[PDB]
$ cat coords_37.cif   # mmCIF, C-alpha atoms and all ligand atoms
data_work
loop_
_atom_site.group_PDB
_atom_site.id
_atom_site.type_symbol
_atom_site.label_atom_id
_atom_site.label_comp_id
_atom_site.auth_asym_id
_atom_site.auth_seq_id
_atom_site.Cartn_x
_atom_site.Cartn_y
_atom_site.Cartn_z
ATOM 1 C CA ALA I 1 11.849 9.643 0.878
ATOM 2 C CA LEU I 2 10.454 9.639 -2.686
ATOM 3 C CA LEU I 3 10.157 6.991 -5.376
ATOM 4 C CA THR I 4 13.013 6.901 -7.895
ATOM 5 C CA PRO I 5 12.801 5.843 -11.556
ATOM 6 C CA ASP I 6 14.731 2.662 -10.621
ATOM 7 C CA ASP I 7 11.975 1.602 -8.192
ATOM 8 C CA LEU I 8 9.493 1.589 -11.089
ATOM 9 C CA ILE I 9 11.478 -0.404 -13.677
ATOM 10 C CA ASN I 10 9.345 -3.122 -15.334
ATOM 11 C CA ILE I 11 6.225 -2.149 -13.362
ATOM 12 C CA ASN I 12 4.137 -4.708 -15.294
ATOM 13 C CA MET I 13 6.270 -7.646 -14.086
ATOM 14 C CA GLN I 14 6.401 -6.212 -10.564
ATOM 15 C CA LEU I 15 2.603 -6.026 -10.562
ATOM 16 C CA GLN I 16 2.204 -9.539 -12.031
ATOM 17 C CA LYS I 17 4.475 -10.990 -9.320
ATOM 18 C CA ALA I 18 2.665 -9.050 -6.571
ATOM 19 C CA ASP I 19 -0.735 -10.229 -7.811
ATOM 20 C CA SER I 20 0.441 -13.887 -7.806
ATOM 21 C CA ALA I 21 1.723 -13.491 -4.255
ATOM 22 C CA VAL I 22 -1.549 -11.916 -3.082
ATOM 23 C CA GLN I 23 -3.409 -14.871 -4.691
ATOM 24 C CA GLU I 24 -1.107 -17.404 -3.018
ATOM 25 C CA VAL I 25 -1.472 -15.770 0.431
ATOM 26 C CA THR I 26 -5.172 -14.833 0.477
ATOM 27 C CA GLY I 27 -6.854 -16.870 -2.261
ATOM 28 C CA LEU I 28 -7.929 -13.676 -4.066
ATOM 29 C CA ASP I 29 -6.210 -11.496 -6.674
ATOM 30 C CA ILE I 30 -5.830 -7.721 -6.076
ATOM 31 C CA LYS I 31 -9.181 -7.085 -7.813
ATOM 32 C CA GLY I 32 -10.736 -9.586 -5.372
ATOM 33 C CA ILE I 33 -9.155 -7.853 -2.354
ATOM 34 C CA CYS I 34 -10.452 -4.437 -3.517
ATOM 35 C CA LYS I 35 -13.881 -5.973 -4.149
ATOM 36 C CA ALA I 36 -13.895 -7.196 -0.548
ATOM 37 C CA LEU I 37 -12.785 -3.788 0.822
ATOM 38 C CA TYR I 38 -14.960 -1.445 -1.214
ATOM 39 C CA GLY I 39 -17.527 -3.674 -2.983
ATOM 40 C CA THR I 40 -16.455 -2.162 -6.317
ATOM 41 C CA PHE I 41 -15.200 -3.332 -9.707
ATOM 42 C CA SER I 42 -13.963 -1.490 -12.777
ATOM 43 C CA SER I 43 -16.115 -0.704 -15.798
ATOM 44 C CA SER I 44 -13.508 1.072 -17.930
ATOM 45 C CA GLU I 45 -13.904 4.388 -16.132
ATOM 46 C CA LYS I 46 -11.864 7.058 -17.886
ATOM 47 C CA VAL I 47 -8.861 8.057 -15.763
ATOM 48 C CA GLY I 48 -6.714 11.127 -16.415
ATOM 49 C CA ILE I 49 -3.145 11.070 -15.087
ATOM 50 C CA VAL I 50 -1.669 14.554 -14.672
ATOM 51 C CA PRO I 51 2.095 14.986 -14.309
ATOM 52 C CA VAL I 52 3.051 17.571 -11.664
ATOM 53 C CA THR I 53 6.271 19.644 -11.683
ATOM 54 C CA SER I 54 5.810 20.925 -8.115
ATOM 55 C CA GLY I 55 8.570 20.451 -5.539
ATOM 56 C CA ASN I 56 11.159 17.893 -6.662
ATOM 57 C CA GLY I 57 9.244 17.718 -9.929
ATOM 58 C CA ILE I 58 8.318 15.023 -12.410
ATOM 59 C CA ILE I 59 9.627 11.603 -11.361
ATOM 60 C CA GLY I 60 10.930 9.443 -14.213
ATOM 61 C CA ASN I 61 8.606 6.499 -14.917
ATOM 62 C CA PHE I 62 5.902 7.760 -12.497
ATOM 63 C CA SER I 63 3.099 8.697 -14.938
ATOM 64 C CA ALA I 64 4.111 5.880 -17.298
ATOM 65 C CA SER I 65 3.741 3.422 -14.392
ATOM 66 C CA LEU I 66 0.326 4.791 -13.306
ATOM 67 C CA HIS I 67 -0.701 4.457 -16.963
ATOM 68 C CA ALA I 68 0.306 0.744 -16.902
ATOM 69 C CA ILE I 69 -1.212 0.113 -13.441
ATOM 70 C CA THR I 70 -4.542 1.694 -14.459
ATOM 71 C CA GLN I 71 -4.733 -0.183 -17.769
ATOM 72 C CA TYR I 72 -3.849 -3.400 -15.870
ATOM 73 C CA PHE I 73 -6.895 -3.107 -13.618
ATOM 74 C CA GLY I 74 -9.124 -2.345 -16.631
ATOM 75 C CA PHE I 75 -9.430 1.452 -16.598
ATOM 76 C CA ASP I 76 -9.531 3.680 -19.686
ATOM 77 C CA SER I 77 -6.502 5.736 -18.663
ATOM 78 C CA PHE I 78 -4.425 8.452 -20.321
ATOM 79 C CA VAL I 79 -1.552 10.763 -19.411
ATOM 80 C CA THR I 80 -1.892 14.480 -20.273
ATOM 81 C CA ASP I 81 0.730 16.258 -22.407
ATOM 82 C CA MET I 82 0.760 19.344 -20.207
ATOM 83 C CA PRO I 83 1.534 19.182 -16.478
ATOM 84 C CA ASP I 84 0.083 20.941 -13.416
ATOM 85 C CA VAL I 85 -3.019 23.177 -13.912
ATOM 86 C CA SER I 86 -2.801 23.060 -17.721
ATOM 87 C CA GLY I 87 -2.668 19.243 -17.443
ATOM 88 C CA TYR I 88 -5.717 19.217 -15.151
ATOM 89 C CA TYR I 89 -7.641 21.280 -17.676
ATOM 90 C CA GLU I 90 -6.563 19.008 -20.508
ATOM 91 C CA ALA I 91 -7.733 15.983 -18.472
ATOM 92 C CA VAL I 92 -11.198 17.372 -17.667
ATOM 93 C CA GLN I 93 -11.611 18.564 -21.270
ATOM 94 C CA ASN I 94 -10.737 15.097 -22.651
ATOM 95 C CA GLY I 95 -13.447 13.575 -20.437
ATOM 96 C CA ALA I 96 -11.636 12.152 -17.400
ATOM 97 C CA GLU I 97 -14.009 10.788 -14.766
ATOM 98 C CA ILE I 98 -11.224 10.253 -12.244
ATOM 99 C CA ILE I 99 -8.151 12.454 -11.844
ATOM 100 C CA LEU I 100 -4.922 11.009 -10.537
ATOM 101 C CA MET I 101 -2.055 13.313 -9.592
ATOM 102 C CA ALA I 102 0.630 13.697 -6.937
ATOM 103 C CA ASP I 103 2.942 16.299 -5.492
ATOM 104 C CA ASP I 104 5.713 15.500 -2.964
ATOM 105 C CA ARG I 105 3.296 15.343 0.012
ATOM 106 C CA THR I 106 -0.035 14.142 -1.508
ATOM 107 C CA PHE I 107 -0.985 11.531 -4.080
ATOM 108 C CA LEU I 108 -4.731 11.503 -4.721
ATOM 109 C CA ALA I 109 -7.523 10.082 -6.835
ATOM 110 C CA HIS I 110 -10.549 12.315 -7.373
ATOM 111 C CA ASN I 111 -13.677 10.844 -8.972
ATOM 112 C CA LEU I 112 -15.441 13.806 -10.558
ATOM 113 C CA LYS I 113 -18.692 11.877 -11.115
ATOM 114 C CA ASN I 114 -19.463 11.006 -7.519
ATOM 115 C CA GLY I 115 -17.219 13.373 -5.492
ATOM 116 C CA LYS I 116 -15.205 10.645 -3.746
ATOM 117 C CA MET I 117 -11.543 11.391 -3.107
ATOM 118 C CA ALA I 118 -8.757 9.078 -1.927
ATOM 119 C CA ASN I 119 -5.346 9.726 -0.383
ATOM 120 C CA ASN I 120 -2.620 7.205 -1.236
ATOM 121 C CA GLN I 121 -1.290 6.915 2.341
ATOM 122 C CA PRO I 122 -4.309 5.539 4.153
ATOM 123 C CA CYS I 123 -5.427 3.616 1.055
ATOM 124 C CA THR I 124 -2.031 1.816 0.968
ATOM 125 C CA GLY I 125 -2.030 1.048 4.721
ATOM 126 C CA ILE I 126 -5.561 -0.335 4.494
ATOM 127 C CA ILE I 127 -5.010 -2.675 1.511
ATOM 128 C CA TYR I 128 -1.636 -4.049 2.689
ATOM 129 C CA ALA I 129 -3.090 -4.581 6.187
ATOM 130 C CA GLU I 130 -6.122 -6.296 4.629
ATOM 131 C CA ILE I 131 -3.901 -8.598 2.507
ATOM 132 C CA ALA I 132 -1.782 -9.579 5.538
ATOM 133 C CA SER I 133 -4.946 -10.293 7.540
ATOM 134 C CA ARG I 134 -6.476 -12.649 4.961
ATOM 135 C CA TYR I 135 -3.482 -15.028 5.068
ATOM 136 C CA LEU I 136 -5.291 -18.377 4.727
ATOM 137 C CA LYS I 137 -2.848 -20.397 6.819
ATOM 138 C CA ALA I 138 -2.425 -17.784 9.589
ATOM 139 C CA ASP I 139 -3.816 -19.863 12.487
ATOM 140 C CA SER I 140 -3.984 -16.702 14.661
ATOM 141 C CA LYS I 141 -5.724 -13.294 14.868
ATOM 142 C CA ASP I 142 -2.529 -11.705 16.261
ATOM 143 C CA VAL I 143 -0.826 -9.209 13.935
ATOM 144 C CA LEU I 144 2.333 -7.123 14.340
ATOM 145 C CA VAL I 145 2.352 -3.635 12.856
ATOM 146 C CA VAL I 146 5.799 -2.053 12.532
ATOM 147 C CA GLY I 147 5.640 1.648 11.640
ATOM 148 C CA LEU I 148 2.659 3.719 12.772
ATOM 149 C CA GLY I 149 2.918 6.823 10.568
ATOM 150 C CA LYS I 150 0.792 7.961 7.642
ATOM 151 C CA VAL I 151 0.615 4.492 6.054
ATOM 152 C CA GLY I 152 0.952 2.388 9.202
ATOM 153 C CA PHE I 153 -1.565 4.105 11.498
ATOM 154 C CA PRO I 154 -4.561 3.758 9.130
ATOM 155 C CA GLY I 155 -3.493 0.160 8.438
ATOM 156 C CA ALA I 156 -3.575 -0.693 12.144
ATOM 157 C CA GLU I 157 -6.854 1.235 12.528
ATOM 158 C CA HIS I 158 -8.356 -0.962 9.800
ATOM 159 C CA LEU I 159 -7.148 -4.182 11.487
ATOM 160 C CA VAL I 160 -8.636 -3.085 14.840
ATOM 161 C CA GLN I 161 -11.977 -2.286 13.137
ATOM 162 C CA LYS I 162 -11.706 -5.742 11.499
ATOM 163 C CA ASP I 163 -11.504 -7.362 14.986
ATOM 164 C CA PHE I 164 -7.863 -8.447 14.898
ATOM 165 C CA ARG I 165 -5.606 -8.390 17.942
ATOM 166 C CA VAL I 166 -3.128 -5.705 16.946
ATOM 167 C CA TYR I 167 0.355 -5.332 18.453
ATOM 168 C CA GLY I 168 2.117 -2.095 17.433
ATOM 169 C CA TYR I 169 5.666 -0.735 17.363
ATOM 170 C CA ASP I 170 7.267 2.448 16.116
ATOM 171 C CA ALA I 171 10.805 3.566 16.945
ATOM 172 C CA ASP I 172 9.252 7.004 17.648
ATOM 173 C CA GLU I 173 7.730 6.649 21.140
ATOM 174 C CA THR I 174 5.357 9.626 20.589
ATOM 175 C CA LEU I 175 3.901 7.913 17.499
ATOM 176 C CA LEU I 176 3.519 4.635 19.458
ATOM 177 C CA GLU I 177 1.647 6.340 22.290
ATOM 178 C CA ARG I 178 -0.631 8.230 19.852
ATOM 179 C CA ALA I 179 -1.517 4.806 18.399
ATOM 180 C CA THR I 180 -2.129 3.027 21.719
ATOM 181 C CA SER I 181 -4.054 6.045 23.098
ATOM 182 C CA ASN I 182 -6.262 6.660 20.019
ATOM 183 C CA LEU I 183 -6.677 3.091 18.661
ATOM 184 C CA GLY I 184 -6.339 0.966 21.780
ATOM 185 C CA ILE I 185 -3.702 -1.348 20.243
ATOM 186 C CA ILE I 186 -1.236 -3.341 22.347
ATOM 187 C CA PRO I 187 2.290 -1.882 22.453
ATOM 188 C CA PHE I 188 4.908 -4.406 21.264
ATOM 189 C CA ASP I 189 8.218 -4.748 23.141
ATOM 190 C CA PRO I 190 11.202 -5.765 20.964
ATOM 191 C CA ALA I 191 12.882 -7.098 24.139
ATOM 192 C CA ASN I 192 9.909 -9.424 24.847
ATOM 193 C CA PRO I 193 9.290 -10.813 21.343
ATOM 194 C CA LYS I 194 6.686 -13.424 20.458
ATOM 195 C CA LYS I 195 6.313 -15.086 17.068
ATOM 196 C CA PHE I 196 3.749 -13.716 14.619
ATOM 197 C CA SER I 197 2.448 -15.373 11.474
ATOM 198 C CA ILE I 198 0.908 -12.088 10.267
ATOM 199 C CA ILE I 199 3.166 -9.019 9.985
ATOM 200 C CA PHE I 200 2.532 -5.598 8.430
ATOM 201 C CA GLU I 201 5.426 -3.132 8.023
ATOM 202 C CA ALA I 202 5.292 0.491 6.864
ATOM 203 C CA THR I 203 8.718 2.168 7.243
ATOM 204 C CA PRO I 204 11.364 3.685 4.917
ATOM 205 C CA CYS I 205 14.024 1.565 6.660
ATOM 206 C CA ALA I 206 15.760 -1.771 6.201
ATOM 207 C CA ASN I 207 15.915 -4.623 8.734
ATOM 208 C CA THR I 208 13.024 -3.416 10.890
ATOM 209 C CA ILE I 209 11.649 -6.963 11.413
ATOM 210 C CA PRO I 210 13.676 -8.862 14.092
ATOM 211 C CA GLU I 211 14.292 -12.586 13.630
ATOM 212 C CA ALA I 212 12.615 -13.385 16.955
ATOM 213 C CA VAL I 213 9.128 -12.432 15.637
ATOM 214 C CA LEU I 214 9.174 -14.520 12.465
ATOM 215 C CA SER I 215 7.363 -17.849 12.501
ATOM 216 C CA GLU I 216 7.874 -20.328 9.664
ATOM 217 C CA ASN I 217 5.933 -19.402 6.493
ATOM 218 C CA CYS I 218 4.613 -16.115 7.941
ATOM 219 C CA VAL I 219 3.247 -13.380 5.708
ATOM 220 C CA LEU I 220 5.066 -10.041 5.588
ATOM 221 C CA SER I 221 2.969 -7.348 3.920
ATOM 222 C CA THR I 222 4.989 -4.212 3.349
ATOM 223 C CA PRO I 223 4.632 -1.099 1.140
ATOM 224 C CA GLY I 224 7.924 0.088 2.675
ATOM 225 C CA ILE I 225 11.067 0.832 0.662
ATOM 226 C CA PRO I 226 13.734 -0.569 1.057
ATOM 227 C CA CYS I 227 12.708 -4.092 2.132
ATOM 228 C CA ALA I 228 12.051 -4.683 5.865
ATOM 229 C CA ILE I 229 13.671 -8.137 5.955
ATOM 230 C CA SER I 230 17.019 -9.260 4.508
ATOM 231 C CA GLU I 231 17.039 -11.981 1.835
ATOM 232 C CA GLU I 232 18.733 -14.363 4.267
ATOM 233 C CA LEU I 233 15.942 -14.211 6.864
ATOM 234 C CA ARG I 234 13.264 -14.319 4.159
ATOM 235 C CA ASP I 235 14.793 -17.529 2.785
ATOM 236 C CA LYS I 236 15.486 -19.005 6.243
ATOM 237 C CA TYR I 237 11.856 -18.729 7.408
ATOM 238 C CA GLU I 238 10.276 -19.125 3.943
ATOM 239 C CA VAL I 239 8.581 -15.779 4.521
ATOM 240 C CA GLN I 240 5.705 -14.857 2.228
ATOM 241 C CA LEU I 241 6.505 -11.425 0.942
ATOM 242 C CA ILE I 242 3.940 -8.934 -0.363
ATOM 243 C CA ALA I 243 5.850 -5.836 -1.498
ATOM 244 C CA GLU I 244 5.422 -3.654 -4.526
ATOM 245 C CA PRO I 245 6.194 0.038 -4.925
ATOM 246 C CA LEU I 246 3.103 1.707 -6.458
ATOM 247 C CA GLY I 247 0.374 -0.463 -7.969
ATOM 248 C CA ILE I 248 -1.359 -2.165 -5.020
ATOM 249 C CA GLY I 249 -1.755 1.176 -3.218
ATOM 250 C CA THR I 250 -2.889 2.740 -6.507
ATOM 251 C CA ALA I 251 -5.546 0.046 -6.991
ATOM 252 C CA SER I 252 -6.789 0.648 -3.450
ATOM 253 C CA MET I 253 -7.246 4.371 -4.207
ATOM 254 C CA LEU I 254 -9.096 3.794 -7.471
ATOM 255 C CA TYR I 255 -11.465 1.105 -6.221
ATOM 256 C CA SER I 256 -12.205 3.210 -3.098
ATOM 257 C CA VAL I 257 -13.538 6.142 -5.169
ATOM 258 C CA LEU I 258 -15.728 4.005 -7.493
HETATM 259 N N1 LIG F 301 4.404 0.674 -1.934
HETATM 260 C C1 LIG F 301 3.619 1.761 -1.968
HETATM 261 O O1 LIG F 301 2.752 1.853 -2.822
HETATM 262 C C2 LIG F 301 3.767 2.873 -0.955
HETATM 263 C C3 LIG F 301 2.792 3.866 -0.826
HETATM 264 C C4 LIG F 301 2.963 4.863 0.131
HETATM 265 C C5 LIG F 301 4.099 4.867 0.938
HETATM 266 N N2 LIG F 301 5.032 3.905 0.788
HETATM 267 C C6 LIG F 301 6.239 3.847 1.624
HETATM 268 O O2 LIG F 301 5.882 3.441 2.951
HETATM 269 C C7 LIG F 301 6.900 3.887 3.853
HETATM 270 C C8 LIG F 301 6.270 4.557 5.069
HETATM 271 O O3 LIG F 301 5.353 5.556 4.632
HETATM 272 P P1 LIG F 301 4.754 6.662 5.640
HETATM 273 O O4 LIG F 301 4.274 7.813 4.792
HETATM 274 O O5 LIG F 301 3.819 5.975 6.615
HETATM 275 O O6 LIG F 301 6.077 7.141 6.430
HETATM 276 P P2 LIG F 301 6.034 7.941 7.817
HETATM 277 O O7 LIG F 301 7.334 8.691 7.940
HETATM 278 O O8 LIG F 301 4.717 8.677 7.924
HETATM 279 O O9 LIG F 301 6.051 6.761 8.902
HETATM 280 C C9 LIG F 301 7.100 5.794 8.908
HETATM 281 C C10 LIG F 301 7.301 5.354 10.347
HETATM 282 O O10 LIG F 301 8.259 4.297 10.443
HETATM 283 C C11 LIG F 301 8.925 4.462 11.692
HETATM 284 N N3 LIG F 301 10.206 3.724 11.796
HETATM 285 C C12 LIG F 301 11.398 4.025 11.244
HETATM 286 N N4 LIG F 301 12.326 3.094 11.592
HETATM 287 C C13 LIG F 301 11.723 2.186 12.381
HETATM 288 C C14 LIG F 301 12.103 0.944 13.091
HETATM 289 N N5 LIG F 301 13.365 0.469 13.034
HETATM 290 N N6 LIG F 301 11.148 0.304 13.806
HETATM 291 C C15 LIG F 301 9.881 0.754 13.877
HETATM 292 N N7 LIG F 301 9.472 1.874 13.255
HETATM 293 C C16 LIG F 301 10.326 2.611 12.508
HETATM 294 C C17 LIG F 301 9.093 5.961 11.847
HETATM 295 O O11 LIG F 301 9.266 6.293 13.229
HETATM 296 C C18 LIG F 301 7.813 6.493 11.225
HETATM 297 O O12 LIG F 301 6.834 6.818 12.216
HETATM 298 C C19 LIG F 301 7.795 4.826 3.053
HETATM 299 O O13 LIG F 301 8.997 4.150 2.680
HETATM 300 C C20 LIG F 301 7.005 5.147 1.803
HETATM 301 O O14 LIG F 301 7.843 5.432 0.677
HETATM 302 C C21 LIG F 301 4.880 2.929 -0.121
HETATM 303 N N1 LIG F 302 2.188 9.178 -0.696
HETATM 304 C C1 LIG F 302 3.225 10.056 -0.066
HETATM 305 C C2 LIG F 302 4.653 9.732 -0.526
HETATM 306 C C3 LIG F 302 5.206 10.715 -1.555
HETATM 307 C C4 LIG F 302 4.164 10.996 -2.647
HETATM 308 N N2 LIG F 302 3.427 12.272 -2.354
HETATM 309 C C5 LIG F 302 4.824 10.863 -3.995
HETATM 310 O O1 LIG F 302 5.161 9.733 -4.333
HETATM 311 N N3 LIG F 302 5.054 11.945 -4.819
HETATM 312 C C6 LIG F 302 5.190 11.558 -6.239
HETATM 313 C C7 LIG F 302 5.413 12.810 -7.090
HETATM 314 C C8 LIG F 302 5.018 12.575 -8.549
HETATM 315 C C9 LIG F 302 5.637 13.614 -9.480
HETATM 316 N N4 LIG F 302 5.175 14.991 -9.135
HETATM 317 C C10 LIG F 302 5.288 13.275 -10.897
HETATM 318 O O2 LIG F 302 4.153 13.722 -11.425
HETATM 319 O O3 LIG F 302 6.031 12.593 -11.581
HETATM 320 MG MG MG F 303 1.856 -0.417 -3.779
HETATM 321 NA NA NA F 304 11.027 -1.027 4.982
#

$ encode --input "coords_37.cif" --output "structure tokens" --more "lines below"
Ligand SMILES: NC(=O)c1ccc[n+]([C@@H]2O[C@H](COP(=O)([O-])OP(=O)(O)OC[C@H]3O[C@@H](n4cnc5c(N)ncnc54)[C@H](O)[C@@H]3O)[C@@H](O)[C@H]2O)c1
Ligand SMILES: NCCC[C@@H](N)C(=O)NCCC[C@H](N)C(=O)O
Ligand SMILES: [Mg+2]
Ligand code: NA
Amino acid sequence: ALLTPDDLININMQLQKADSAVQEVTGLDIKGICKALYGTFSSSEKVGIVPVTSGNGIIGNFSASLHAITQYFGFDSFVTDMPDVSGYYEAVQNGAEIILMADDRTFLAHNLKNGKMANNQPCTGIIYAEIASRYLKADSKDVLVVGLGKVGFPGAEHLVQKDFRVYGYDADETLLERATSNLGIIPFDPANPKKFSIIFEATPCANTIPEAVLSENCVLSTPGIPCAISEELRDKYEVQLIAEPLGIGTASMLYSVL
């Protein structure tokens, strides 16, 4: 579904904790990961955030959180007073170089200076898949991808391009076939589980990661909401959790259009 205000409470602490976890797992902070993916770094580019009333409308804490996220990664960001088209105009007129705005189906970053444009879905799948894959103590190039939709598919695509051995599952058999037929990934059978130390999950569902596939100290990299693994299992296998509701995906978008 959609983000709620409650998901975005204390976004600064959520981002701090996510950054620490990415550092622990991969040896790089989120800036470092983006640098590896896109070769870019921030130089205080001016970023206009435009609230949008379309569909379900303005989500409490959404623009405020993007404002914090952008500032956190060193951008010169602002949120427009007006929403929608009037907000867009305001943003361009106040000198935005990059526009950031979302409706219920599309969240984008558009860099007006160089024409590059990012969609949040593939940009999130890519960065979370990248983070998972750079797990320093992995000891294997096998990775399990659970969820092969708009976030998951591009994530798996990235891992295949990066020369990882990708096993894929989606509860929707048509989506699983599309992935094996277009990407050439290996289909994972829940009934014949093997342990993974690298796991990437991209679903809107809880408890999608069976106990049988967790190895001790494995990384679980998931944009998904709610959380893919119960607290109990996460504690029991000392699982290294990378999960954060907006900022890591947002960083991936911004750095990709620089
Ligand atoms: N943290 C972030 O910044 C961020 C950014 C974008 C999206 N998301 C979240 O990521 C999640 C997925 O996004 P999406 O757009 O790819 O959704 P999607 O609907 O395009 O794909 C989700 C897939 O998960 C599959 N699925 C559901 N239950 C499953 C199960 N038990 N086992 C295996 N697969 C299962 C579905 O069949 C579906 O194909 C959503 O919760 C979304 O809110 C988070
Ligand atoms: N990436 C796909 C998942 C859903 C996405 N399009 C979204 O979060 N919409 C957010 C809507 C923001 C709202 N219009 C606002 O400006 O507050
Ligand atoms: Mg995120
Ligand atoms: Na989930």

$ residues_near_ligand --input "coords_37.cif" --ligand "ligand NA 304 (chain F)" --cutoff "6 Å" --atoms "all atoms listed in the file" --output "list in words"
residues 203, 204, 205, 206, 224, 225, 226, 227 and 228 of chain I

$ resolve_selection --input "coords_37.cif" --expression "the PyMOL selection byres (((chain I and resi 245) around 7) and not hetatm)" --output "number ranges by chain"
I: 7, 223, 243-244, 246-247

$ residues_near_ligand --input "coords_37.cif" --ligand "ligand LIG 302 (chain F)" --cutoff "8 Å" --atoms "all atoms listed in the file" --output "short mmCIF file (atom, residue, chain, number, x, y, z; two decimals) with C-alpha atoms, in the coordinates of the input"
data_model
loop_
_atom_site.label_atom_id
_atom_site.label_comp_id
_atom_site.auth_asym_id
_atom_site.auth_seq_id
_atom_site.Cartn_x
_atom_site.Cartn_y
_atom_site.Cartn_z
CA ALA I 1 11.85 9.64 0.88
CA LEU I 2 10.45 9.64 -2.69
CA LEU I 3 10.16 6.99 -5.38
CA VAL I 50 -1.67 14.55 -14.67
CA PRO I 51 2.10 14.99 -14.31
CA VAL I 52 3.05 17.57 -11.66
CA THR I 53 6.27 19.64 -11.68
CA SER I 54 5.81 20.92 -8.12
CA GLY I 55 8.57 20.45 -5.54
CA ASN I 56 11.16 17.89 -6.66
CA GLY I 57 9.24 17.72 -9.93
CA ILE I 58 8.32 15.02 -12.41
CA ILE I 59 9.63 11.60 -11.36
CA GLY I 60 10.93 9.44 -14.21
CA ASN I 61 8.61 6.50 -14.92
CA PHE I 62 5.90 7.76 -12.50
CA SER I 63 3.10 8.70 -14.94
CA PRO I 83 1.53 19.18 -16.48
CA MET I 101 -2.06 13.31 -9.59
CA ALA I 102 0.63 13.70 -6.94
CA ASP I 103 2.94 16.30 -5.49
CA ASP I 104 5.71 15.50 -2.96
CA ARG I 105 3.30 15.34 0.01
CA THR I 106 -0.04 14.14 -1.51
CA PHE I 107 -0.98 11.53 -4.08
CA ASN I 119 -5.35 9.73 -0.38
CA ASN I 120 -2.62 7.20 -1.24
CA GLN I 121 -1.29 6.92 2.34
#

$ closest_residue --input "coords_37.cif" --among "I:111, I:230, I:140, I:221" --to "ligand MG 303 (chain F)" --atoms "only C-alpha atoms and all ligand atoms"
I:221

$ resolve_selection --input "coords_37.cif" --expression "the PyMOL selection byres (((chain I and resi 127) around 8) and not hetatm)" --output "JSON, numbers by chain"
{"I": [33, 34, 37, 123, 124, 125, 126, 128, 129, 130, 131, 155, 248, 249, 252]}

$ residues_around --input "coords_37.cif" --residues "residue I:183" --least-positions-apart "5" --cutoff "12 Å" --atoms "only C-alpha atoms" --output "VMD selection string"
chain I and resid 148 153 to 161 165 to 168 175 to 178

$ residues_around --input "coords_37.cif" --residues "residue I:190" --least-positions-apart "4" --cutoff "12 Å" --atoms "only C-alpha atoms" --output "tab-separated table (two decimals) with C-alpha atoms, keeping the file's coordinate frame"
chain	number	residue	atom	x	y	z
I	144	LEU	CA	2.33	-7.12	14.34
I	146	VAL	CA	5.80	-2.05	12.53
I	167	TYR	CA	0.36	-5.33	18.45
I	168	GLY	CA	2.12	-2.10	17.43
I	169	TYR	CA	5.67	-0.74	17.36
I	170	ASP	CA	7.27	2.45	16.12
I	171	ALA	CA	10.80	3.57	16.94
I	194	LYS	CA	6.69	-13.42	20.46
I	195	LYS	CA	6.31	-15.09	17.07
I	208	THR	CA	13.02	-3.42	10.89
I	209	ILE	CA	11.65	-6.96	11.41
I	210	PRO	CA	13.68	-8.86	14.09
I	211	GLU	CA	14.29	-12.59	13.63
I	212	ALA	CA	12.62	-13.38	16.95
I	213	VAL	CA	9.13	-12.43	15.64

$ closest_residue --input "coords_37.cif" --among "I:28, I:15, I:185, I:108" --to "ligand MG 303 (chain F)" --atoms "all atoms listed in the file"
I:15

$ closest_residue --input "coords_37.cif" --among "I:235, I:24, I:97, I:19" --to "residue I:72" --atoms "all atoms listed in the file"
I:19

$ resolve_selection --input "coords_37.cif" --expression "the PyMOL selection byres (((chain I and resi 68) around 12) and not hetatm)" --output "count of residues only"
33

$ closest_residue --input "coords_37.cif" --among "I:40, I:181, I:207, I:23" --to "ligand LIG 301 (chain F)" --atoms "only C-alpha atoms and all ligand atoms"
I:207

$ closest_residue --input "coords_37.cif" --among "I:18, I:242, I:151, I:82" --to "ligand LIG 301 (chain F)" --atoms "all atoms listed in the file"
I:151

$ closest_residue --input "coords_37.cif" --among "I:256, I:94, I:192, I:197" --to "residue I:239" --atoms "all atoms listed in the file"
I:197

$ atom_distance --input "coords_37.cif" --atom1 "atom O5 of ligand LIG 301 (chain F)" --atom2 "atom CA of residue I:200"
11.8 Å

$ residues_around --input "coords_37.cif" --residues "stretch 135-137 of chain I" --least-positions-apart "5" --cutoff "10 Å" --atoms "all atoms listed in the file" --output "ChimeraX atom specification"
/I:22-27,130,197-198,217-220,240

$ write_last_selection --input "coords_37.cif" --atoms "C-alpha atoms" --output "mmCIF file, keeping the file's coordinate frame"
data_model
loop_
_atom_site.group_PDB
_atom_site.id
_atom_site.type_symbol
_atom_site.label_atom_id
_atom_site.label_comp_id
_atom_site.auth_asym_id
_atom_site.auth_seq_id
_atom_site.Cartn_x
_atom_site.Cartn_y
_atom_site.Cartn_z
ATOM 1 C CA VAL I 22 -1.549 -11.916 -3.082
ATOM 2 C CA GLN I 23 -3.409 -14.871 -4.691
ATOM 3 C CA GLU I 24 -1.107 -17.404 -3.018
ATOM 4 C CA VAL I 25 -1.472 -15.770 0.431
ATOM 5 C CA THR I 26 -5.172 -14.833 0.477
ATOM 6 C CA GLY I 27 -6.854 -16.870 -2.261
ATOM 7 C CA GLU I 130 -6.122 -6.296 4.629
ATOM 8 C CA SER I 197 2.448 -15.373 11.474
ATOM 9 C CA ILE I 198 0.908 -12.088 10.267
ATOM 10 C CA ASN I 217 5.933 -19.402 6.493
ATOM 11 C CA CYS I 218 4.613 -16.115 7.941
ATOM 12 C CA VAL I 219 3.247 -13.380 5.708
ATOM 13 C CA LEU I 220 5.066 -10.041 5.588
ATOM 14 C CA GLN I 240 5.705 -14.857 2.228
#

$ axis_aligned_box --input "coords_37.cif" --around "ligand LIG 301 (chain F)" --padding-each-side "3 Å" --output "JSON"
{"center_x": 8.1, "center_y": 4.5, "center_z": 5.5, "size_x": 16.6, "size_y": 14.4, "size_z": 22.7}
